[PDB]
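Content type PDB, C-alpha atoms (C1' of nucleotides), from the file run17.pdb:
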```pdb
ATOM      1  CA  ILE A 111     -30.464  19.701 -28.106  1.00  0.00           C
ATOM      2  CA  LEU A 112     -30.166  16.727 -25.694  1.00  0.00           C
ATOM      3  CA  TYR A 113     -28.483  18.491 -22.708  1.00  0.00           C
ATOM      4  CA  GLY A 114     -29.758  22.030 -23.513  1.00  0.00           C
ATOM      5  CA  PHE A 115     -28.474  25.606 -23.850  1.00  0.00           C
ATOM      6  CA  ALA A 116     -29.405  29.101 -22.646  1.00  0.00           C
ATOM      7  CA  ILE A 117     -28.012  32.110 -24.523  1.00  0.00           C
ATOM      8  CA  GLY A 118     -30.810  34.562 -23.697  1.00  0.00           C
ATOM      9  CA  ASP A 119     -33.185  35.985 -26.337  1.00  0.00           C
ATOM     10  CA  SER A 120     -31.041  34.435 -29.068  1.00  0.00           C
ATOM     11  CA  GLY A 121     -32.343  31.044 -27.927  1.00  0.00           C
ATOM     12  CA  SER A 122     -32.718  28.470 -25.211  1.00  0.00           C
ATOM     13  CA  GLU A 123     -33.485  24.711 -25.092  1.00  0.00           C
ATOM     14  CA  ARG A 124     -34.514  22.453 -22.132  1.00  0.00           C
ATOM     15  CA  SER A 125     -32.414  19.426 -21.203  1.00  0.00           C
ATOM     16  CA  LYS A 126     -33.976  16.157 -22.436  1.00  0.00           C
ATOM     17  CA  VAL A 127     -31.567  14.191 -20.211  1.00  0.00           C
ATOM     18  CA  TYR A 128     -33.259  14.268 -16.794  1.00  0.00           C
ATOM     19  CA  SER A 129     -31.190  13.078 -13.788  1.00  0.00           C
ATOM     20  CA  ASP A 130     -31.088  13.065  -9.932  1.00  0.00           C
ATOM     21  CA  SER A 131     -28.445  13.487  -7.213  1.00  0.00           C
ATOM     22  CA  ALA A 132     -27.026  10.012  -6.415  1.00  0.00           C
ATOM     23  CA  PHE A 133     -26.407   8.664  -2.890  1.00  0.00           C
ATOM     24  CA  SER A 134     -23.982   6.115  -1.387  1.00  0.00           C
ATOM     25  CA  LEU A 135     -25.656   2.814  -0.548  1.00  0.00           C
ATOM     26  CA  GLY A 136     -23.787   2.708   2.808  1.00  0.00           C
ATOM     27  CA  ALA A 137     -22.893   5.318   5.452  1.00  0.00           C
ATOM     28  CA  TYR A 138     -20.191   8.027   5.144  1.00  0.00           C
ATOM     29  CA  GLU A 139     -18.286   6.471   8.105  1.00  0.00           C
ATOM     30  CA  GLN A 140     -18.008   3.234   6.018  1.00  0.00           C
ATOM     31  CA  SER A 141     -17.482   4.954   2.622  1.00  0.00           C
ATOM     32  CA  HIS A 142     -14.561   7.448   2.979  1.00  0.00           C
ATOM     33  CA  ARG A 143     -10.922   7.802   4.181  1.00  0.00           C
ATOM     34  CA  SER A 144      -8.770  10.942   4.706  1.00  0.00           C
ATOM     35  CA  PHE A 145      -5.368  11.109   2.970  1.00  0.00           C
ATOM     36  CA  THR A 146      -2.540  13.582   3.766  1.00  0.00           C
ATOM     37  CA  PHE A 147      -0.773  15.406   0.912  1.00  0.00           C
ATOM     38  CA  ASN A 148       2.440  17.484   0.879  1.00  0.00           C
ATOM     39  CA  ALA A 149       4.340  19.521  -1.757  1.00  0.00           C
ATOM     40  CA  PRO A 150       8.121  19.858  -1.040  1.00  0.00           C
ATOM     41  CA  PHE A 151      10.881  21.662  -2.903  1.00  0.00           C
ATOM     42  CA  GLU A 152      12.112  19.723  -6.009  1.00  0.00           C
ATOM     43  CA  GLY A 153      15.324  19.069  -3.988  1.00  0.00           C
ATOM     44  CA  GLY A 154      13.193  16.601  -1.960  1.00  0.00           C
ATOM     45  CA  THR A 155      12.731  18.709   1.190  1.00  0.00           C
ATOM     46  CA  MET A 156       9.911  20.496   3.025  1.00  0.00           C
ATOM     47  CA  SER A 157      12.631  23.116   3.839  1.00  0.00           C
ATOM     48  CA  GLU A 158      14.176  25.530   1.277  1.00  0.00           C
ATOM     49  CA  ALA A 159      16.881  28.122   2.204  1.00  0.00           C
ATOM     50  CA  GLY A 160      16.405  26.905   5.828  1.00  0.00           C
ATOM     51  CA  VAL A 161      12.604  27.736   5.968  1.00  0.00           C
ATOM     52  CA  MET A 162       9.609  25.331   5.891  1.00  0.00           C
ATOM     53  CA  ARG A 163       6.822  25.301   3.261  1.00  0.00           C
ATOM     54  CA  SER A 164       3.230  25.530   4.617  1.00  0.00           C
ATOM     55  CA  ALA A 165       2.164  23.136   1.782  1.00  0.00           C
ATOM     56  CA  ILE A 166       0.700  20.176   3.763  1.00  0.00           C
ATOM     57  CA  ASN A 167      -2.984  19.280   4.309  1.00  0.00           C
ATOM     58  CA  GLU A 168      -5.514  16.416   4.597  1.00  0.00           C
ATOM     59  CA  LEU A 169      -8.071  15.695   1.856  1.00  0.00           C
ATOM     60  CA  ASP A 170     -11.182  13.540   1.955  1.00  0.00           C
ATOM     61  CA  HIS A 171     -11.752  10.680  -0.552  1.00  0.00           C
ATOM     62  CA  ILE A 172     -14.515   8.143  -1.291  1.00  0.00           C
ATOM     63  CA  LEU A 173     -13.427   4.456  -1.173  1.00  0.00           C
ATOM     64  CA  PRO A 174     -12.731   1.976  -4.139  1.00  0.00           C
ATOM     65  CA  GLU A 175     -15.986  -0.067  -3.773  1.00  0.00           C
ATOM     66  CA  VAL A 176     -18.678   2.571  -2.911  1.00  0.00           C
ATOM     67  CA  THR A 177     -21.818   2.266  -5.043  1.00  0.00           C
ATOM     68  CA  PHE A 178     -24.077   5.116  -6.143  1.00  0.00           C
ATOM     69  CA  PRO A 179     -27.411   3.740  -7.473  1.00  0.00           C
ATOM     70  CA  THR A 180     -28.638   6.051 -10.258  1.00  0.00           C
ATOM     71  CA  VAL A 181     -31.586   6.541 -12.632  1.00  0.00           C
ATOM     72  CA  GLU A 182     -30.847   8.754 -15.677  1.00  0.00           C
ATOM     73  CA  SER A 183     -33.900   9.490 -17.848  1.00  0.00           C
ATOM     74  CA  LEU A 184     -34.201  10.644 -21.459  1.00  0.00           C
ATOM     75  CA  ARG A 185     -37.378  12.311 -22.722  1.00  0.00           C
ATOM     76  CA  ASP A 186     -38.772  12.186 -26.233  1.00  0.00           C
ATOM     77  CA  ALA A 187     -35.541  11.076 -27.934  1.00  0.00           C
ATOM     78  CA  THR A 188     -34.861   9.728 -31.412  1.00  0.00           C
ATOM     79  CA  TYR A 189     -33.094   6.337 -31.643  1.00  0.00           C
ATOM     80  CA  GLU A 190     -29.761   8.028 -32.361  1.00  0.00           C
ATOM     81  CA  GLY A 191     -30.407  10.393 -29.395  1.00  0.00           C
ATOM     82  CA  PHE A 192     -30.643   7.287 -27.175  1.00  0.00           C
ATOM     83  CA  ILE A 193     -27.346   5.904 -28.619  1.00  0.00           C
ATOM     84  CA  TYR A 194     -25.556   9.277 -28.011  1.00  0.00           C
ATOM     85  CA  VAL A 195     -26.720   9.527 -24.366  1.00  0.00           C
ATOM     86  CA  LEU A 196     -26.219   5.789 -23.625  1.00  0.00           C
ATOM     87  CA  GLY A 197     -22.819   6.331 -25.244  1.00  0.00           C
ATOM     88  CA  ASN A 198     -22.005   9.037 -22.640  1.00  0.00           C
ATOM     89  CA  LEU A 199     -23.079   6.714 -19.770  1.00  0.00           C
ATOM     90  CA  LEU A 200     -20.717   3.909 -20.977  1.00  0.00           C
ATOM     91  CA  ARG A 201     -17.916   5.996 -22.621  1.00  0.00           C
ATOM     92  CA  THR A 202     -17.220   8.562 -19.810  1.00  0.00           C
ATOM     93  CA  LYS A 203     -15.233   7.141 -16.836  1.00  0.00           C
ATOM     94  CA  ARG A 204     -13.984   9.967 -14.508  1.00  0.00           C
ATOM     95  CA  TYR A 205     -15.946  12.159 -12.094  1.00  0.00           C
ATOM     96  CA  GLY A 206     -15.467  14.810  -9.350  1.00  0.00           C
ATOM     97  CA  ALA A 207     -12.334  16.803  -8.466  1.00  0.00           C
ATOM     98  CA  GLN A 208      -8.709  16.007  -9.428  1.00  0.00           C
ATOM     99  CA  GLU A 209      -9.740  13.838 -12.393  1.00  0.00           C
ATOM    100  CA  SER A 210      -6.142  14.114 -13.732  1.00  0.00           C
ATOM    101  CA  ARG A 211      -5.060  11.920 -10.764  1.00  0.00           C
ATOM    102  CA  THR A 212      -8.184  10.165  -9.366  1.00  0.00           C
ATOM    103  CA  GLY A 213     -11.864   9.507  -9.689  1.00  0.00           C
ATOM    104  CA  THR A 214     -12.418   6.535 -12.013  1.00  0.00           C
ATOM    105  CA  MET A 215     -15.888   4.984 -11.728  1.00  0.00           C
ATOM    106  CA  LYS A 216     -17.466   1.972 -13.470  1.00  0.00           C
ATOM    107  CA  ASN A 217     -20.992   2.675 -14.731  1.00  0.00           C
ATOM    108  CA  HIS A 218     -22.703  -0.741 -14.544  1.00  0.00           C
ATOM    109  CA  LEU A 219     -26.022  -0.506 -16.385  1.00  0.00           C
ATOM    110  CA  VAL A 220     -28.651  -2.697 -14.600  1.00  0.00           C
TER
ATOM    111  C1'   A B   1     -41.057  30.818 -19.783  1.00  0.00           C
ATOM    112  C1'   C B   2     -41.578  25.920 -12.571  1.00  0.00           C
ATOM    113  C1'   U B   3     -38.767  32.406  -7.881  1.00  0.00           C
ATOM    114  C1'   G B   4     -37.879  29.405 -15.198  1.00  0.00           C
ATOM    115  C1'   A B   5     -34.325  27.829 -19.794  1.00  0.00           C
ATOM    116  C1'   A B   6     -27.819  25.895 -19.750  1.00  0.00           C
ATOM    117  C1'   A B   7     -24.654  25.422 -14.922  1.00  0.00           C
ATOM    118  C1'   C B   8     -17.403  20.669 -12.454  1.00  0.00           C
ATOM    119  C1'   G B   9     -15.180  24.772  -5.939  1.00  0.00           C
ATOM    120  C1'   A B  10     -11.846  23.877 -10.254  1.00  0.00           C
ATOM    121  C1'   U B  11      -6.628  23.689 -11.575  1.00  0.00           C
ATOM    122  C1'   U B  12      -1.433  21.875  -9.365  1.00  0.00           C
ATOM    123  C1'   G B  13       1.002  19.369  -5.463  1.00  0.00           C
ATOM    124  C1'   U B  14       5.631  12.705  -2.949  1.00  0.00           C
ATOM    125  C1'   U B  15       3.846  12.725   4.576  1.00  0.00           C
ATOM    126  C1'   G B  16       8.537  14.579   3.208  1.00  0.00           C
ATOM    127  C1'   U B  17      13.804  14.883   4.820  1.00  0.00           C
ATOM    128  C1'   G B  18      18.133  11.688   8.243  1.00  0.00           C
ATOM    129  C1'   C B  19      18.603   7.313  11.043  1.00  0.00           C
ATOM    130  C1'   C B  20      23.406   0.508  12.012  1.00  0.00           C
ATOM    131  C1'   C B  21      18.216  -3.667  16.348  1.00  0.00           C
ATOM    132  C1'   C B  22      22.626  -1.384  18.265  1.00  0.00           C
ATOM    133  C1'   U B  23      26.328  -2.600  22.481  1.00  0.00           C
ATOM    134  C1'   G B  24      28.781  -7.365  25.399  1.00  0.00           C
ATOM    135  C1'   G B  25      29.212 -12.730  25.480  1.00  0.00           C
ATOM    136  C1'   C B  26      34.652 -19.076  25.292  1.00  0.00           C
ATOM    137  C1'   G B  27      29.398 -24.468  23.677  1.00  0.00           C
ATOM    138  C1'   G B  28      31.765 -24.186  28.479  1.00  0.00           C
ATOM    139  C1'   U B  29      33.198 -27.707  32.284  1.00  0.00           C
ATOM    140  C1'   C B  30      35.220 -33.200  33.820  1.00  0.00           C
ATOM    141  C1'   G B  31      36.771 -37.735  31.282  1.00  0.00           C
ATOM    142  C1'   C B  32      43.347 -43.244  30.579  1.00  0.00           C
ATOM    143  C1'   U B  33      40.574 -46.497  24.231  1.00  0.00           C
ATOM    144  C1'   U B  34      40.419 -48.975  29.094  1.00  0.00           C
ATOM    145  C1'   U B  35      40.337 -54.202  31.062  1.00  0.00           C
ATOM    146  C1'   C B  36      43.155 -59.920  29.906  1.00  0.00           C
ATOM    147  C1'   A B  37      46.657 -62.258  26.797  1.00  0.00           C
ATOM    148  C1'   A B  38      53.594 -66.889  26.795  1.00  0.00           C
ATOM    149  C1'   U B  39      55.601 -66.149  19.661  1.00  0.00           C
ATOM    150  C1'   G B  40      53.665 -70.742  21.541  1.00  0.00           C
ATOM    151  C1'   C B  41      53.896 -76.195  20.670  1.00  0.00           C
ATOM    152  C1'   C B  42      58.602 -80.576  18.804  1.00  0.00           C
ATOM    153  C1'   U B  43      63.620 -80.991  16.825  1.00  0.00           C
TER
END
```
How does this structure look as structure tokens?
Amino acid sequence: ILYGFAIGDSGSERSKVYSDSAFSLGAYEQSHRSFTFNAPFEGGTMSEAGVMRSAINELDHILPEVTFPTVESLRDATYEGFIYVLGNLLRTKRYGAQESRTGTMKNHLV
RNA sequence: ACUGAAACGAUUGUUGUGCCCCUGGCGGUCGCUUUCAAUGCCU
């Protein structure tokens, strides 16, 4: 009911939680760094049976102080609907790819 | 029904493996513990 559903003829409901795409306060050149990764054989080596694995690449990451100013907006909610959604804003803490390994963010309500 | 309603490019992954700040090197060379002295005075 708060974030919505669409089955088809069997029902749909519009999201009451409105939101926008958030932007870094500073520039990309100031707000990222690129980190190499590799994946060797368990025997500790990029070589197995005398042949090299192709498993190396760079990946791009946002930095540990970058701020994303955000307005999230909730239409026509009950009091408990506001506590559920405000709950999600304070209770969830990981975003983006590779959340098993990265991507913690602190949602400071202002 | 805003070309509409809901909408994670995601999952997993070690910049890794080996490596002697190494080799050679006289704290060395010269240098007087020196210079002067009554076992003395009387029996």
Within 6 Å of chain B, which residues of chain A are there when counting all atoms listed in the file? Please give them as a ChimeraX atom specification. /A:114-116,122,124,149,155
So what does the PyMOL selection byres ((chain A and resi 147) around 7) actually pick up in this one, as a ChimeraX atom specification? /A:145-146,148,166-168 /B:15
Selected residues written out with C-alpha atoms (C1' of nucleotides), as a PDB file, in the coordinates of the input:
```pdb
ATOM      1  CA  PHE A 145      -5.368  11.109   2.970  1.00  0.00           C
ATOM      2  CA  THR A 146      -2.540  13.582   3.766  1.00  0.00           C
ATOM      3  CA  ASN A 148       2.440  17.484   0.879  1.00  0.00           C
ATOM      4  CA  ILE A 166       0.700  20.176   3.763  1.00  0.00           C
ATOM      5  CA  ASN A 167      -2.984  19.280   4.309  1.00  0.00           C
ATOM      6  CA  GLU A 168      -5.514  16.416   4.597  1.00  0.00           C
TER       7      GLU A 168
ATOM      8  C1'   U B  15       3.846  12.725   4.576  1.00  0.00           C
TER       9        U B  15
END
```
Residues in the PyMOL selection byres ((chain A and resi 205-211) around 12), expressed as a VMD selection string: (chain A and resid 169 to 172 199 202 to 204 212 to 217) or (chain B and resid 8 to 13)
Tell me, in Å to one decimal, how far CA of residue 111 in chain A is from CA of residue 198 in chain A.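 Separation of CA of residue 111 in chain A and CA of residue 198 in chain A: 14.7 Å.
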Gap from CA of residue 112 in chain A to CA of residue 194 in chain A - Å, one decimal: 9.1 Å
Between A:132, A:156, A:220, A:127, which has the minimum distance to residue 195 in chain A (counting all atoms listed in the file)?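 The shortest atom-to-atom distance to residue 195 in chain A comes from A:127.
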Reconstruct range 172-195 of chain A at the level of N, CA, C and O atoms, and format the result as a PDB file, in the coordinates of the input.
```pdb
ATOM      1  N   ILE A 172     -13.572   9.258  -1.290  1.00  0.00           N
ATOM      2  CA  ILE A 172     -14.515   8.143  -1.291  1.00  0.00           C
ATOM      3  C   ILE A 172     -13.748   6.846  -1.562  1.00  0.00           C
ATOM      4  O   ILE A 172     -12.723   6.871  -2.223  1.00  0.00           O
ATOM      5  N   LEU A 173     -14.178   5.702  -1.051  1.00  0.00           N
ATOM      6  CA  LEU A 173     -13.427   4.456  -1.173  1.00  0.00           C
ATOM      7  C   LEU A 173     -13.696   3.643  -2.469  1.00  0.00           C
ATOM      8  O   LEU A 173     -14.826   3.631  -2.958  1.00  0.00           O
ATOM      9  N   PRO A 174     -12.695   2.906  -2.996  1.00  0.00           N
ATOM     10  CA  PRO A 174     -12.731   1.976  -4.139  1.00  0.00           C
ATOM     11  C   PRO A 174     -13.723   0.792  -4.185  1.00  0.00           C
ATOM     12  O   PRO A 174     -13.444  -0.220  -4.827  1.00  0.00           O
ATOM     13  N   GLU A 175     -14.885   0.881  -3.545  1.00  0.00           N
ATOM     14  CA  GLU A 175     -15.986  -0.067  -3.773  1.00  0.00           C
ATOM     15  C   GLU A 175     -17.370   0.562  -3.518  1.00  0.00           C
ATOM     16  O   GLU A 175     -18.381  -0.130  -3.512  1.00  0.00           O
ATOM     17  N   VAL A 176     -17.447   1.876  -3.289  1.00  0.00           N
ATOM     18  CA  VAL A 176     -18.678   2.571  -2.911  1.00  0.00           C
ATOM     19  C   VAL A 176     -19.597   2.678  -4.121  1.00  0.00           C
ATOM     20  O   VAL A 176     -19.194   3.201  -5.159  1.00  0.00           O
ATOM     21  N   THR A 177     -20.836   2.235  -3.965  1.00  0.00           N
ATOM     22  CA  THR A 177     -21.818   2.266  -5.043  1.00  0.00           C
ATOM     23  C   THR A 177     -22.830   3.381  -4.878  1.00  0.00           C
ATOM     24  O   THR A 177     -23.346   3.622  -3.783  1.00  0.00           O
ATOM     25  N   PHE A 178     -23.097   4.053  -5.988  1.00  0.00           N
ATOM     26  CA  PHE A 178     -24.077   5.116  -6.143  1.00  0.00           C
ATOM     27  C   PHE A 178     -25.173   4.683  -7.121  1.00  0.00           C
ATOM     28  O   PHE A 178     -25.037   4.874  -8.334  1.00  0.00           O
ATOM     29  N   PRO A 179     -26.264   4.059  -6.647  1.00  0.00           N
ATOM     30  CA  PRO A 179     -27.411   3.740  -7.473  1.00  0.00           C
ATOM     31  C   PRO A 179     -27.976   4.997  -8.130  1.00  0.00           C
ATOM     32  O   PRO A 179     -28.098   6.047  -7.505  1.00  0.00           O
ATOM     33  N   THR A 180     -28.271   4.918  -9.419  1.00  0.00           N
ATOM     34  CA  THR A 180     -28.638   6.051 -10.258  1.00  0.00           C
ATOM     35  C   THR A 180     -29.741   5.670 -11.239  1.00  0.00           C
ATOM     36  O   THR A 180     -29.664   4.620 -11.867  1.00  0.00           O
ATOM     37  N   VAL A 181     -30.734   6.529 -11.448  1.00  0.00           N
ATOM     38  CA  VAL A 181     -31.586   6.541 -12.632  1.00  0.00           C
ATOM     39  C   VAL A 181     -31.353   7.829 -13.420  1.00  0.00           C
ATOM     40  O   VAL A 181     -31.506   8.935 -12.908  1.00  0.00           O
ATOM     41  N   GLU A 182     -30.951   7.690 -14.676  1.00  0.00           N
ATOM     42  CA  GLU A 182     -30.847   8.754 -15.677  1.00  0.00           C
ATOM     43  C   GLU A 182     -32.007   8.538 -16.641  1.00  0.00           C
ATOM     44  O   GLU A 182     -32.330   7.402 -16.975  1.00  0.00           O
ATOM     45  N   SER A 183     -32.662   9.592 -17.090  1.00  0.00           N
ATOM     46  CA  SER A 183     -33.900   9.490 -17.848  1.00  0.00           C
ATOM     47  C   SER A 183     -33.872  10.407 -19.053  1.00  0.00           C
ATOM     48  O   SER A 183     -33.476  11.558 -18.961  1.00  0.00           O
ATOM     49  N   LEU A 184     -34.275   9.917 -20.208  1.00  0.00           N
ATOM     50  CA  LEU A 184     -34.201  10.644 -21.459  1.00  0.00           C
ATOM     51  C   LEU A 184     -35.591  10.771 -22.056  1.00  0.00           C
ATOM     52  O   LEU A 184     -36.219   9.777 -22.418  1.00  0.00           O
ATOM     53  N   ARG A 185     -36.071  12.010 -22.144  1.00  0.00           N
ATOM     54  CA  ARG A 185     -37.378  12.311 -22.722  1.00  0.00           C
ATOM     55  C   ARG A 185     -37.329  12.442 -24.231  1.00  0.00           C
ATOM     56  O   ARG A 185     -36.427  13.067 -24.778  1.00  0.00           O
ATOM     57  N   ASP A 186     -38.350  11.902 -24.872  1.00  0.00           N
ATOM     58  CA  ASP A 186     -38.772  12.186 -26.233  1.00  0.00           C
ATOM     59  C   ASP A 186     -37.654  12.132 -27.280  1.00  0.00           C
ATOM     60  O   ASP A 186     -37.599  12.934 -28.216  1.00  0.00           O
ATOM     61  N   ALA A 187     -36.721  11.202 -27.102  1.00  0.00           N
ATOM     62  CA  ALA A 187     -35.541  11.076 -27.934  1.00  0.00           C
ATOM     63  C   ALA A 187     -35.781  10.249 -29.197  1.00  0.00           C
ATOM     64  O   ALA A 187     -36.587   9.316 -29.222  1.00  0.00           O
ATOM     65  N   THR A 188     -35.036  10.585 -30.246  1.00  0.00           N
ATOM     66  CA  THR A 188     -34.861   9.728 -31.412  1.00  0.00           C
ATOM     67  C   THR A 188     -33.969   8.544 -31.058  1.00  0.00           C
ATOM     68  O   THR A 188     -33.266   8.575 -30.051  1.00  0.00           O
ATOM     69  N   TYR A 189     -33.958   7.493 -31.874  1.00  0.00           N
ATOM     70  CA  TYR A 189     -33.094   6.337 -31.643  1.00  0.00           C
ATOM     71  C   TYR A 189     -31.619   6.708 -31.528  1.00  0.00           C
ATOM     72  O   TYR A 189     -30.925   6.260 -30.615  1.00  0.00           O
ATOM     73  N   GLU A 190     -31.155   7.614 -32.380  1.00  0.00           N
ATOM     74  CA  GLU A 190     -29.761   8.028 -32.361  1.00  0.00           C
ATOM     75  C   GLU A 190     -29.516   8.880 -31.132  1.00  0.00           C
ATOM     76  O   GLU A 190     -28.409   8.898 -30.681  1.00  0.00           O
ATOM     77  N   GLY A 191     -30.489   9.643 -30.644  1.00  0.00           N
ATOM     78  CA  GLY A 191     -30.407  10.393 -29.395  1.00  0.00           C
ATOM     79  C   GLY A 191     -30.201   9.483 -28.188  1.00  0.00           C
ATOM     80  O   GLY A 191     -29.392   9.780 -27.312  1.00  0.00           O
ATOM     81  N   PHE A 192     -30.855   8.328 -28.171  1.00  0.00           N
ATOM     82  CA  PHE A 192     -30.643   7.287 -27.175  1.00  0.00           C
ATOM     83  C   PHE A 192     -29.247   6.667 -27.259  1.00  0.00           C
ATOM     84  O   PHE A 192     -28.621   6.465 -26.229  1.00  0.00           O
ATOM     85  N   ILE A 193     -28.707   6.422 -28.450  1.00  0.00           N
ATOM     86  CA  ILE A 193     -27.346   5.904 -28.619  1.00  0.00           C
ATOM     87  C   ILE A 193     -26.275   6.929 -28.216  1.00  0.00           C
ATOM     88  O   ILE A 193     -25.259   6.538 -27.648  1.00  0.00           O
ATOM     89  N   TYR A 194     -26.465   8.224 -28.462  1.00  0.00           N
ATOM     90  CA  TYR A 194     -25.556   9.277 -28.011  1.00  0.00           C
ATOM     91  C   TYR A 194     -25.481   9.356 -26.492  1.00  0.00           C
ATOM     92  O   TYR A 194     -24.395   9.327 -25.919  1.00  0.00           O
ATOM     93  N   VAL A 195     -26.636   9.418 -25.827  1.00  0.00           N
ATOM     94  CA  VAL A 195     -26.720   9.527 -24.366  1.00  0.00           C
ATOM     95  C   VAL A 195     -26.259   8.245 -23.686  1.00  0.00           C
ATOM     96  O   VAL A 195     -25.461   8.322 -22.761  1.00  0.00           O
TER      97      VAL A 195
END
```
